[PDB]
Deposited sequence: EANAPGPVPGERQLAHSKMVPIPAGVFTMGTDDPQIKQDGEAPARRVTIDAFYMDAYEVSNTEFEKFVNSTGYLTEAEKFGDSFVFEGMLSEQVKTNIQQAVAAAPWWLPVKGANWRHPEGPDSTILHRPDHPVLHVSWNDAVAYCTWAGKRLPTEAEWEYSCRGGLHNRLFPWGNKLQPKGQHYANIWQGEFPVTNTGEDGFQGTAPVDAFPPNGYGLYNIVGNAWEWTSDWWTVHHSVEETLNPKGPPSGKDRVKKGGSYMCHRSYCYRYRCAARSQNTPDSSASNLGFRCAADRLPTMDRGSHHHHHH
């Protein structure tokens, strides 16, 4: 396993956002042309094993461990956003559903219950950083223009599952049709054109930017988002998403959380300007 490998993301110009927003309240619009300098992006979400190497090196205690709780989706059980999100005492990256759960059987799955601060700590320890939202989105799009997904516009191209999201009736029944009810290994499913895995679906992914929904149509170069805010931007959707209630497994989709937030469907990957 080379689950910390990076890929070179080529320099280019791309259309960020969409003039056909699917969740208008999220500021998916307007479409805008963005220039991105060549950089490196992690091929994989950061895994449990990779995060454990960081904790072993540094002794880092995550925010969820210090607070003593984290959000867990009710459907995984053996001050919430929805009735299916429960603050669970003792839920954290080593104990993803609570104190009696474990990561021993899922070392290669994405690390969960990591806050934005935890993610920055990891990436910086690794000689990396979080990607900006624009870098993330450019990378997600995998060299295609104005597509819904990393691979195109069909959810199941050639009848194949291309990402780990929900099938069935959310939140009561996840059929596991795509092979995974919860997370999948970080190297599951096909890569996109740049070499990236699970950039939509599996775990949500933190980015560096402060959240706003007010964007200019002006062309920009390596944008970093607004200089201030209260929530940081997360991208890509998770194993929970479904067209019926949370259609956020699109590269243009976007959501947010306070930087000290953590949950059972939220992880990250790193980026870098040059190879560490």
Chain regions without C-alpha coordinates, deposited sequence numbering: 1-13, 92-101, 300-311
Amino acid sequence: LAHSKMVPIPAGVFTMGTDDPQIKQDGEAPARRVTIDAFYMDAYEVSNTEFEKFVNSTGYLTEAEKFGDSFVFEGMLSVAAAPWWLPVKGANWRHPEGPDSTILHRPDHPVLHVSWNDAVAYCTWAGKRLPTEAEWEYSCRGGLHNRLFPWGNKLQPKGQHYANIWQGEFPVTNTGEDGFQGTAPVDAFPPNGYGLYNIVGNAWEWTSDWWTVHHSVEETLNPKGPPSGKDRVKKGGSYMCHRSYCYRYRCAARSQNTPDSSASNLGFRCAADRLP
From here on, numbers count along this sequence of modelled residues.
Entries skipping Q167: at least a third of other ones: no
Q156: gap in at least one third of other compared structures: no
Of 126-134 and 68-76, the stretch whose C-alpha atoms average the higher B-factor in the entry: 68-76
Stretch with the higher entry mean CA B-factor, where the candidates are 93-101 and 174-182: 93-101
Per the PDB entry, maximal CA B factor within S208, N222, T62, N48: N222
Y239 - which third its CA temperature factor falls in, relative to the rest of the chain: lowest
Where the record places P10 (Cα B-factor, split into thirds across the chain): middle
CA B-factor ranking of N198, expressed as a third of its chain: lowest
Chain thirds of CA B-factor: placement of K154: highest
CA B-factor ranking of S255, expressed as a third of its chain: middle
